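To start, the structure itself, in structure tokens.
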Amino acid sequence: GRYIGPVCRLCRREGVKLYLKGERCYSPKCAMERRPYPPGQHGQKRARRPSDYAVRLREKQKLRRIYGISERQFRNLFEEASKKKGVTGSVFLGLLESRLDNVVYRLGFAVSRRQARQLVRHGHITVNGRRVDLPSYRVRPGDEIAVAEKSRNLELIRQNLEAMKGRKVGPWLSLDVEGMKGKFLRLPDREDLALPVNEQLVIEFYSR
Amino acid sequence: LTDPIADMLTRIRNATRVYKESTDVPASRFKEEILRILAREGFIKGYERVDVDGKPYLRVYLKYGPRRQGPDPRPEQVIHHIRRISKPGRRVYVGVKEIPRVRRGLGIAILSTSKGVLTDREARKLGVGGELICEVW
Amino acid sequence: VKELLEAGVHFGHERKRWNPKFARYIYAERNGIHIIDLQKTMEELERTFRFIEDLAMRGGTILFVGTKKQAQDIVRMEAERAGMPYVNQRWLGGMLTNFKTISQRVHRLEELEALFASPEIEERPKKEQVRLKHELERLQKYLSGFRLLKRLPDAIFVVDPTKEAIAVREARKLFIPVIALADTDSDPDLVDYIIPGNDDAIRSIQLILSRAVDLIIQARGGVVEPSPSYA
Amino acid sequence: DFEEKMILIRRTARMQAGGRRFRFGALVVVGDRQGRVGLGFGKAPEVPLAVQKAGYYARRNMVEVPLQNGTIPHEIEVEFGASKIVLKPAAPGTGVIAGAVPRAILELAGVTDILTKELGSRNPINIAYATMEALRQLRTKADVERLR
RNA sequence: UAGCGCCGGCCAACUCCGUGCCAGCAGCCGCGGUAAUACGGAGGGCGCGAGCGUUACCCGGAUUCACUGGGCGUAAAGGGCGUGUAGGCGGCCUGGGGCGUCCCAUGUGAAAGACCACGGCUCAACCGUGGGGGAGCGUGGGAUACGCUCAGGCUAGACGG
RNA sequence: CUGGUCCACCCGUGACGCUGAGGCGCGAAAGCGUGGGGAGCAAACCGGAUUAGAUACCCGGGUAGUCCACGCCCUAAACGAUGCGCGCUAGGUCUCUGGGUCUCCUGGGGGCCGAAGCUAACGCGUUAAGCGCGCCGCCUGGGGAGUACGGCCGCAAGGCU
Ligand code: SF4
Ligand SMILES: [Mg+2]
Ligand SMILES: [Mg+2]
Ligand SMILES: [Mg+2]
Ligand SMILES: [Mg+2]
Ligand SMILES: [Mg+2]
Ligand SMILES: [Mg+2]
Ligand SMILES: [Mg+2]
Ligand SMILES: [Mg+2]
Ligand SMILES: [Mg+2]
Ligand SMILES: [Mg+2]
Ligand SMILES: [Mg+2]
Ligand SMILES: [Mg+2]
Ligand SMILES: [Mg+2]
Ligand SMILES: [Mg+2]
Ligand SMILES: [Mg+2]
Ligand SMILES: [Mg+2]
Ligand SMILES: [Mg+2]
Ligand SMILES: [Mg+2]
Ligand SMILES: [Mg+2]
Ligand SMILES: [Mg+2]
Ligand SMILES: [Mg+2]
Ligand SMILES: [Mg+2]
Ligand SMILES: [Mg+2]
Ligand SMILES: [Mg+2]
Ligand SMILES: [Mg+2]
Ligand SMILES: [Mg+2]
Ligand SMILES: [Mg+2]
Ligand SMILES: [Mg+2]
Ligand SMILES: [Mg+2]
Ligand SMILES: [Mg+2]
Ligand SMILES: [Mg+2]
Ligand SMILES: [Mg+2]
Ligand SMILES: [Mg+2]
Ligand SMILES: [Mg+2]
Ligand SMILES: [Mg+2]
Ligand SMILES: [Mg+2]
Ligand SMILES: [Mg+2]
Ligand SMILES: [Mg+2]
Ligand SMILES: [Mg+2]
Ligand SMILES: [Mg+2]
Ligand SMILES: [Mg+2]
Ligand SMILES: [Mg+2]
Ligand SMILES: [Mg+2]
Ligand SMILES: [Mg+2]
Ligand SMILES: [Mg+2]
Ligand SMILES: [Mg+2]
Ligand SMILES: [Mg+2]
Ligand SMILES: [Mg+2]
Ligand SMILES: [Mg+2]
Ligand SMILES: [Mg+2]
Ligand SMILES: [Mg+2]
Ligand SMILES: [Mg+2]
Ligand SMILES: [Mg+2]
Ligand SMILES: [Mg+2]
Ligand SMILES: [Mg+2]
Ligand SMILES: [Mg+2]
Ligand SMILES: [Mg+2]
Ligand SMILES: [Mg+2]
Ligand SMILES: [Mg+2]
Ligand SMILES: [Mg+2]
Ligand SMILES: [Mg+2]
Ligand SMILES: [Mg+2]
Ligand SMILES: [Mg+2]
Ligand SMILES: [Mg+2]
Ligand SMILES: [Mg+2]
Ligand SMILES: [Mg+2]
Ligand SMILES: [Mg+2]
Ligand SMILES: [Mg+2]
Ligand SMILES: [Mg+2]
Ligand SMILES: [Mg+2]
Ligand SMILES: [Mg+2]
Ligand SMILES: [Mg+2]
Ligand SMILES: [Mg+2]
């Protein structure tokens, strides 16, 4: 399946902060906050000139690892968007964010997509009323996403819920809080999320 | 001689490199009809039907770019390029849909047609095609 | 001031050692030697000078370039009239393309001017006198009136461009307008402002060079009439 | 100031009795990403010397690239002795698609969208030189209609 | 349940022992002869992920059979030289025909699939619905620049006095 | 006895043209057959020397062959390692042969340096290797190999493919 292994090693090797769990990634107990150098026996050694390839290799994994998606699942969409109209970048981006799990986390239902998926994969979520244990469902504009009424009685949801009431949600997002029923408004533009990514670099990558 | 057209074109391309105020060619209504295009688009200055020791000609009056500094001050060419397309060795024929657009729109291709010589654009406007005479810029 | 009577001073020469690019500036060659169409000769004069004065009334510099034994001497005249840089002897390569380092060879000269200006130890072993003094007379031979050029010229002037294609080359690269006189043999095109006339008849050399300077002073502050002139 | 990029560096060699004394070459470009770029070639008895020397040239041999939207105006095709370079107009979503040498050269020129291809002696040196004057030969509707 | 490939360059990923042109890896250039980032093991790391690798074969890179789109002085390639059949090709001007050639209309060009839109299995893969074209050739009409054909002139190629 | 070729006059025919897979003919030397011829020279051969050896380089002899006639043989560094025709693109100096008006101008060949341009460089450059059009031959890593097989040619050695 997805990754599911040691994760901090991601942020480190990348040299950037990926808030892959939730709270700690903000805490001063973080790795990059403590050890922002490569994992393994050779982290603190002077890095050397990465290759033009190696570079383009990064941005990918960085993004790819950000959502924890199989390489394949990350070819399709970018074969999707690339064969999709207009600027392949924005589309693929919107194609990625359009995943349930993500949006679920983007809707502050869980600190990590990792949680998002599980709650998603555990069907605790719903959409337009319908229940969806499908962490790969490409949610489209006009979709009503509702927590499982059967799981509205859970406390974790509310602890993440509570820490959301008036929290700032994406322009292409709402969050009728309490009702545990958000909503997915539109497809974003690059300027809608300033990810630590240079998407074109990933374009250059599969251009091989 | 095989193809006067390329020869015509060739004569031009041969002088433009040496920067001739003009040059000559044996005459033919077709060669002229061509040349007709080649000033209305602005690559030449125009032609006049001259006449050499008894024989007709077409002294073409040549247009070039401005003097320049650097070490190579020689004036850039108007007709950067001019090469034959359809030939006696390989006659080349196009339908209106398959009519190329020279150098993204900066050049043209002279076309012989049932409705007179045209440019890559004039044909598409008139909705026809024909024997691609040449492409030039 | 262009006169016109010049016809009795140079009116061209040089055999079939000509240059094909020069024919538009020739009417014939009745004496087995090309003939310069003094008409267009004016037309360039009427065009070239229009460039000269302009630089003058603008404050730019002009560098004179003439190394023939013919024009060996006239150079130091009309130049020093105009009081501007000049290159009488050898044309030191890179004299423009490599200015920053050429020029740095004049401080050595000016410096020797300081020292040899006197004391600061004449207690230097006699071997060191004569030798520098010699090292000075050389530095002086070549640099005398290019020591004047403390920055890159806004243009230059040339007697024999084919002779000074070296000179001609470095400017053409540096975008320094190049004006000069030439006869048959030289390559026009290579010139920026042209005085197609004889390049060995001092008599004709002085004519141009002299009058050229006149439009310097005539635009460079004041006026004067006669100048030197060996018969 | 501008932005510098090192396409290549190589150690040459000269034969003298008692050994083969060396010398390094530096391929260095430089661009603002707004119409201007430069490519000199550096040589110096040691690595960083040549790089810096090159940059001095790289900024003494410039050219003005009439970009449009991130691509170029017209598809250019130039041979440098043996190396032949192909430059084609691309659209926004595209993204530069060229070898390192051209890419490195084209990228600092600001181009976001271009189709390319090296042919023949794709020696990075010559492929570069030809790459430049390919740009040194790009033109505009204005430049066109100007001459006409 | 976590397994596999890889870590000298290409090509992302490093050190330690054993060994000592031996036992070995190898797709190419090449690794090893007592300080191996190149074998083996281990630590660690890189990439995918119920997959991972290898072999085989096809296209790609191969612009290396080159119509797009290559080339023959010395790198492989001008026939030893001529004459001449078939064939390919063919200078200026006028007219007829309308073969190539071009335009429009029109019938066929089944459906499946490919491509865009959307709809059902909780997604996707899969499948359904509608939409949107062509080349190619059959039928009718038209235009005549270039190619061709039939006819009439000319003299700038050739032949001749 | 005969061919090709050039210049002038600009008299005649009026595109009659270029190229040319096949085919055909020519094809230096050596070599073959038949019949002559045979001074000089000269493969093999003998001898004398140099060498460690010297079936060679140098020397003394010397047979075919080199010469003529008629037949074959058809290869080569048969080279400009550059196919043929035409048109376009600065010139300078030398030389062959023509025509003029005789300073010089113009045609056709033979060399040289060089405009731009080409070219991987050395180099070419109105005798292109430059910009072009037509047609033929030809190349597709090295060796194996111009070998094997088959077919054709040949008296044979051997040639072509
Ligand atoms: S945010 Fe911090 S704690 Fe979280 S995965 Fe990244 S480095 Fe580790
Ligand atoms: Mg796209
Ligand atoms: Mg691809
Ligand atoms: Mg074609
Ligand atoms: Mg002179
Ligand atoms: Mg250089
Ligand atoms: Mg190659
Ligand atoms: Mg290579
Ligand atoms: Mg411009
Ligand atoms: Mg692997
Ligand atoms: Mg390995
Ligand atoms: Mg190593
Ligand atoms: Mg890989
Ligand atoms: Mg590496
Ligand atoms: Mg292994
Ligand atoms: Mg090797
Ligand atoms: Mg060891
Ligand atoms: Mg799977
Ligand atoms: Mg293959
Ligand atoms: Mg590729
Ligand atoms: Mg291809
Ligand atoms: Mg090739
Ligand atoms: Mg060879
Ligand atoms: Mg030959
Ligand atoms: Mg025939
Ligand atoms: Mg015809
Ligand atoms: Mg007709
Ligand atoms: Mg027809
Ligand atoms: Mg169908
Ligand atoms: Mg659906
Ligand atoms: Mg369908
Ligand atoms: Mg289609
Ligand atoms: Mg159809
Ligand atoms: Mg029809
Ligand atoms: Mg007709
Ligand atoms: Mg025919
Ligand atoms: Mg007729
Ligand atoms: Mg004639
Ligand atoms: Mg004749
Ligand atoms: Mg007559
Ligand atoms: Mg008649
Ligand atoms: Mg023939
Ligand atoms: Mg023979
Ligand atoms: Mg013989
Ligand atoms: Mg016998
Ligand atoms: Mg016998
Ligand atoms: Mg006998
Ligand atoms: Mg005898
Ligand atoms: Mg003997
Ligand atoms: Mg013995
Ligand atoms: Mg003996
Ligand atoms: Mg012996
Ligand atoms: Mg004897
Ligand atoms: Mg015999
Ligand atoms: Mg015998
Ligand atoms: Mg014999
Ligand atoms: Mg015999
Ligand atoms: Mg033969
Ligand atoms: Mg010879
Ligand atoms: Mg010859
Ligand atoms: Mg040969
Ligand atoms: Mg050829
Ligand atoms: Mg005579
Ligand atoms: Mg001659
Ligand atoms: Mg030469
Ligand atoms: Mg040159
Ligand atoms: Mg070429
Ligand atoms: Mg000749
Ligand atoms: Mg032939
Ligand atoms: Mg082989
Ligand atoms: Mg072989
Ligand atoms: Mg043989
Ligand atoms: Mg046999
Ligand atoms: Mg044989």
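Naming scheme: A, B, ... for chains in displayed order of the structure tokens; residues 1 onward per chain; ligands 1 onward as shown.
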Write down, as JSON, numbers by chain, each residue of chain D that has any atom within 8 Å of an atom of chain A, counting only C-alpha atoms. {"D": [92, 93, 94, 95, 96, 97, 100]}
Please produce a file of the residues just selected, as a JSON list (two decimals), in the first residue's frame, where the atoms kept are N, CA and C atoms.
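File written: out_27.json
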[["chain", "number", "residue", "atom", "x", "y", "z"],
["D", 92, "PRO", "N", 2.00, 27.42, -22.77],
["D", 92, "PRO", "CA", 2.21, 27.61, -21.32],
["D", 92, "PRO", "C", 2.46, 26.33, -20.54],
["D", 93, "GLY", "N", 1.47, 25.44, -20.48],
["D", 93, "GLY", "CA", 1.59, 24.24, -19.68],
["D", 93, "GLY", "C", 2.78, 23.37, -20.01],
["D", 94, "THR", "N", 3.47, 23.65, -21.11],
["D", 94, "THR", "CA", 4.57, 22.81, -21.58],
["D", 94, "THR", "C", 5.65, 22.65, -20.52],
["D", 95, "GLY", "N", 6.65, 23.51, -20.56],
["D", 95, "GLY", "CA", 7.84, 23.38, -19.73],
["D", 95, "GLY", "C", 9.03, 23.03, -20.60],
["D", 96, "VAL", "N", 10.18, 23.64, -20.29],
["D", 96, "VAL", "CA", 11.37, 23.44, -21.11],
["D", 96, "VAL", "C", 11.64, 21.95, -21.27],
["D", 97, "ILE", "N", 11.96, 21.56, -22.50],
["D", 97, "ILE", "CA", 12.25, 20.16, -22.82],
["D", 97, "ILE", "C", 13.51, 20.10, -23.66],
["D", 100, "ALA", "N", 20.64, 19.29, -20.93],
["D", 100, "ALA", "CA", 21.21, 20.17, -19.91],
["D", 100, "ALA", "C", 21.80, 21.43, -20.53]]
Could you pull out the helix (DSSP H, G or I) residues of region 17-142 of chain D, going by DSSP on the backbone, and write them as a PyMOL selection string? chain D and resi 47-58+100-108+124-135+141-142
Need the shell around residue 146 (chain F): protein/DNA/RNA residues with any atom at most 12 Å away, counting only C-alpha atoms (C1' of nucleotides). Skip same-chain ones fewer than 3 positions apart. Format as a PDB file with N, CA, C and O atoms (P, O5', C5', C4', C3', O3' and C1' of nucleotides), in the first residue's frame?
ATOM      1  P     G F 159      41.098 -12.272 -59.411  1.00  0.00           P
ATOM      2  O5'   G F 159      40.287 -11.835 -60.711  1.00  0.00           O
ATOM      3  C5'   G F 159      40.759 -10.792 -61.550  1.00  0.00           C
ATOM      4  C4'   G F 159      39.646 -10.211 -62.385  1.00  0.00           C
ATOM      5  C3'   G F 159      38.361  -9.887 -61.637  1.00  0.00           C
ATOM      6  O3'   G F 159      38.406  -8.642 -60.964  1.00  0.00           O
ATOM      7  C1'   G F 159      37.837 -11.119 -63.572  1.00  0.00           C
ATOM      8  P     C F 160      37.345  -8.318 -59.802  1.00  0.00           P
ATOM      9  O5'   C F 160      35.938  -8.363 -60.547  1.00  0.00           O
ATOM     10  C5'   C F 160      35.649  -7.463 -61.606  1.00  0.00           C
ATOM     11  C4'   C F 160      34.270  -7.690 -62.170  1.00  0.00           C
ATOM     12  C3'   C F 160      33.136  -7.731 -61.159  1.00  0.00           C
ATOM     13  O3'   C F 160      32.716  -6.443 -60.747  1.00  0.00           O
ATOM     14  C1'   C F 160      32.918  -9.546 -62.645  1.00  0.00           C
ATOM     15  P     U F 161      32.436  -6.154 -59.192  1.00  0.00           P
ATOM     16  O5'   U F 161      31.075  -6.929 -58.902  1.00  0.00           O
ATOM     17  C5'   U F 161      29.939  -6.739 -59.730  1.00  0.00           C
ATOM     18  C4'   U F 161      28.853  -7.736 -59.416  1.00  0.00           C
ATOM     19  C3'   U F 161      28.574  -7.976 -57.941  1.00  0.00           C
ATOM     20  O3'   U F 161      27.761  -6.973 -57.361  1.00  0.00           O
ATOM     21  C1'   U F 161      28.709 -10.049 -59.066  1.00  0.00           C
TER      22        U F 161
END
Region 126-131 of chain B: which residues within 6 Å, counting only C-alpha atoms (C1' of nucleotides), same-chain residues fewer than 4 positions away excluded, as a PyMOL selection string? (chain B and resi 92-96+111-113) or (chain E and resi 102)
File of the preceding selection, N, CA, C and O atoms (P, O5', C5', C4', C3', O3' and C1' of nucleotides), as a PDB file, in the first residue's frame:
ATOM      1  N   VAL B  92       5.460  18.706 -55.432  1.00  0.00           N
ATOM      2  CA  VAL B  92       4.857  18.742 -54.104  1.00  0.00           C
ATOM      3  C   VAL B  92       3.513  19.450 -54.199  1.00  0.00           C
ATOM      4  O   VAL B  92       3.430  20.570 -54.718  1.00  0.00           O
ATOM      5  N   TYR B  93       2.468  18.803 -53.681  1.00  0.00           N
ATOM      6  CA  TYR B  93       1.093  19.262 -53.809  1.00  0.00           C
ATOM      7  C   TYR B  93       0.427  19.237 -52.441  1.00  0.00           C
ATOM      8  O   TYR B  93       0.627  18.298 -51.665  1.00  0.00           O
ATOM      9  N   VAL B  94      -0.367  20.265 -52.145  1.00  0.00           N
ATOM     10  CA  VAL B  94      -0.999  20.416 -50.840  1.00  0.00           C
ATOM     11  C   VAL B  94      -2.479  20.717 -51.020  1.00  0.00           C
ATOM     12  O   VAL B  94      -2.875  21.416 -51.957  1.00  0.00           O
ATOM     13  N   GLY B  95      -3.300  20.174 -50.115  1.00  0.00           N
ATOM     14  CA  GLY B  95      -4.659  20.635 -49.959  1.00  0.00           C
ATOM     15  C   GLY B  95      -4.740  21.771 -48.955  1.00  0.00           C
ATOM     16  O   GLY B  95      -3.839  21.962 -48.142  1.00  0.00           O
ATOM     17  N   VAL B  96      -5.839  22.527 -49.018  1.00  0.00           N
ATOM     18  CA  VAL B  96      -5.941  23.749 -48.223  1.00  0.00           C
ATOM     19  C   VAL B  96      -5.653  23.469 -46.752  1.00  0.00           C
ATOM     20  O   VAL B  96      -5.017  24.276 -46.062  1.00  0.00           O
ATOM     21  N   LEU B 111       2.547  29.795 -53.669  1.00  0.00           N
ATOM     22  CA  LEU B 111       1.775  28.649 -54.129  1.00  0.00           C
ATOM     23  C   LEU B 111       1.176  28.950 -55.494  1.00  0.00           C
ATOM     24  O   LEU B 111       0.550  29.998 -55.684  1.00  0.00           O
ATOM     25  N   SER B 112       1.369  28.034 -56.439  1.00  0.00           N
ATOM     26  CA  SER B 112       0.698  28.107 -57.728  1.00  0.00           C
ATOM     27  C   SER B 112      -0.675  27.462 -57.612  1.00  0.00           C
ATOM     28  O   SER B 112      -0.818  26.377 -57.040  1.00  0.00           O
ATOM     29  N   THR B 113      -1.689  28.138 -58.148  1.00  0.00           N
ATOM     30  CA  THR B 113      -3.061  27.692 -57.959  1.00  0.00           C
ATOM     31  C   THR B 113      -3.899  28.050 -59.177  1.00  0.00           C
ATOM     32  O   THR B 113      -3.521  28.892 -59.995  1.00  0.00           O
TER      33      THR B 113
ATOM     34  P     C E 102      -4.463  17.798 -54.380  1.00  0.00           P
ATOM     35  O5'   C E 102      -5.272  19.160 -54.537  1.00  0.00           O
ATOM     36  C5'   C E 102      -4.629  20.408 -54.330  1.00  0.00           C
ATOM     37  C4'   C E 102      -5.586  21.564 -54.475  1.00  0.00           C
ATOM     38  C3'   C E 102      -6.966  21.379 -53.867  1.00  0.00           C
ATOM     39  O3'   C E 102      -6.985  21.574 -52.464  1.00  0.00           O
ATOM     40  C1'   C E 102      -7.173  22.315 -56.026  1.00  0.00           C
TER      41        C E 102
END
Can you tell me which residues come within 10 Å of ligand 60 when counting only C-alpha atoms (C1' of nucleotides) and all ligand atoms, ideally as a PyMOL selection string? chain F and resi 79-80+82+127
Do you know which residues are within 12 Å of ligand 63 using only C-alpha atoms (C1' of nucleotides) and all ligand atoms? Can you write them as a PyMOL selection string? chain F and resi 7+96-100+102+106
As a VMD selection string, please: every protein or nucleic acid residue near ligand 46 (cut-off 12 Å, counting only C-alpha atoms (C1' of nucleotides) and all ligand atoms). chain F and resid 32 to 34 155 to 156
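Note that the spacing between CA of residue 26 (chain B) and CA of residue 55 (chain B) amounts to 7.9 Å.
Considering only C-alpha atoms (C1' of nucleotides) and all ligand atoms, the residues that reside within 12 Å of ligand 69 can be listed as residues 78, 79, 81 and 82 of chain E; 19, 20, 21, 83, 84, 85, 135, 136, 137 and 138 of chain F.
Selected on chain B by distance to chain F: residues 1, 2, 3, 10, 11 and 14 of chain B (within 6 Å, counting only C-alpha atoms (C1' of nucleotides)).
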Please find the residues contacting ligand 30 at a distance of at most 8 Å between atoms, with only C-alpha atoms (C1' of nucleotides) and all ligand atoms counted, and report them as a PDB file with N, CA, C and O atoms (P, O5', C5', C4', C3', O3' and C1' of nucleotides), in the first residue's frame.
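To be explicit, this is the file written out as out15.pdb:
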ATOM      1  P     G E 119     -22.303  13.545 -14.256  1.00  0.00           P
ATOM      2  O5'   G E 119     -22.922  12.118 -14.611  1.00  0.00           O
ATOM      3  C5'   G E 119     -24.329  11.928 -14.659  1.00  0.00           C
ATOM      4  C4'   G E 119     -24.696  10.492 -14.953  1.00  0.00           C
ATOM      5  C3'   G E 119     -24.208   9.449 -13.958  1.00  0.00           C
ATOM      6  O3'   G E 119     -25.041   9.360 -12.813  1.00  0.00           O
ATOM      7  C1'   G E 119     -23.796   8.703 -16.171  1.00  0.00           C
ATOM      8  P     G E 120     -24.718   8.304 -11.644  1.00  0.00           P
ATOM      9  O5'   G E 120     -24.690   6.894 -12.386  1.00  0.00           O
ATOM     10  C5'   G E 120     -25.845   6.068 -12.437  1.00  0.00           C
ATOM     11  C4'   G E 120     -25.484   4.623 -12.205  1.00  0.00           C
ATOM     12  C3'   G E 120     -24.658   4.348 -10.958  1.00  0.00           C
ATOM     13  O3'   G E 120     -25.449   4.254  -9.786  1.00  0.00           O
ATOM     14  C1'   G E 120     -23.671   3.261 -12.807  1.00  0.00           C
ATOM     15  P     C E 123     -18.818   4.188  -7.394  1.00  0.00           P
ATOM     16  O5'   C E 123     -17.309   4.634  -7.650  1.00  0.00           O
ATOM     17  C5'   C E 123     -16.996   5.995  -7.901  1.00  0.00           C
ATOM     18  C4'   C E 123     -15.555   6.317  -7.592  1.00  0.00           C
ATOM     19  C3'   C E 123     -14.535   5.968  -8.663  1.00  0.00           C
ATOM     20  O3'   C E 123     -14.495   6.927  -9.706  1.00  0.00           O
ATOM     21  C1'   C E 123     -13.720   5.330  -6.528  1.00  0.00           C
TER      22        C E 123
END
